[PDB]
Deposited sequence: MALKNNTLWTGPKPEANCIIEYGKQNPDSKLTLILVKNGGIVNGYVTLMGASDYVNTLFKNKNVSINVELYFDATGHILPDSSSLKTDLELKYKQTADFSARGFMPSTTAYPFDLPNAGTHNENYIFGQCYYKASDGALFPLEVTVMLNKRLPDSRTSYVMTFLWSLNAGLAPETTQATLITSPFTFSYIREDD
């Protein structure tokens, strides 16, 4: 009851990966579930353009998704990679502050006070290549460390890194990052 904030189970292209592109080129599935004092997160990315679906023709690739939220936990679409706000599973006015990363646990760096390296979550997911070969993707989640502007209250970024000895593909193949799950200390409701 009021505990899931997401993109939907199978969204249409809603995310921009290629710098300078005006329209979505990928499908970001992001699910944030409230579970006690923590949020259980689920993230997957699917390519929806020739650019995104040919990135894995290279053995060294970095994919960035930046999410910026206002004071009531709503996506700022102008600056964020995700161009459509998240919605509640049973949805439409509401405060999604309780789904946000805690500024107590994950603070914002202050000039001359030193960096907050406790704001990163590292893990791994995979890319299953068209030939069936399995490539690991190194994942970095950064919570609130640095703001992009004066309009943002919370930050959640994702980075998928491919660092292989050989390229996964020689042709266009749908980019799919296997589901990556993570948990963080949430802000007060």
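Engineer: Write out the missing regions of the deposited sequence in sequence order, one range per stretch.
Structural biologist: Those parts of the chain that were deposited but carry no coordinates are 1-3, 95-96.
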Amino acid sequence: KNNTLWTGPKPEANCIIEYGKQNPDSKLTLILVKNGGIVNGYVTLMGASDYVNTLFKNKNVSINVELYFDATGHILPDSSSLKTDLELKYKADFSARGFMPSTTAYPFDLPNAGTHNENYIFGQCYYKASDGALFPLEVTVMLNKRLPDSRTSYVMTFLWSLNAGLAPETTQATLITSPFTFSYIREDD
From here on, numbers count along this sequence of modelled residues.
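Engineer: Would you determine, from the values in the PDB entry, which of 180-188 and 1-9 has the greater average C-alpha temperature factor?
Structural biologist: That would be 1-9.
Engineer: Per the record, averaged over C-alpha atoms, which has the higher B-factor: 51-59 or 37-45?
Structural biologist: Result of the comparison: 51-59.
Engineer: Would you check the entry's CA temperature factor for residue 105 and let me know if it's in the chain's lowest, middle or highest third?
Structural biologist: Lowest third.
Engineer: Compare the C-alpha B factor of residue 116 with those of the other modelled residues in its chain, then answer lowest, middle or highest third.
Structural biologist: For residue 116, the deposited C-alpha B-factor lands in the lowest third.
Engineer: Going by the recorded CA B-factors, say which third of the chain residue 150 sits in, lowest, middle or highest.
Structural biologist: Answer is highest: the recorded C-alpha B-factor places it there.
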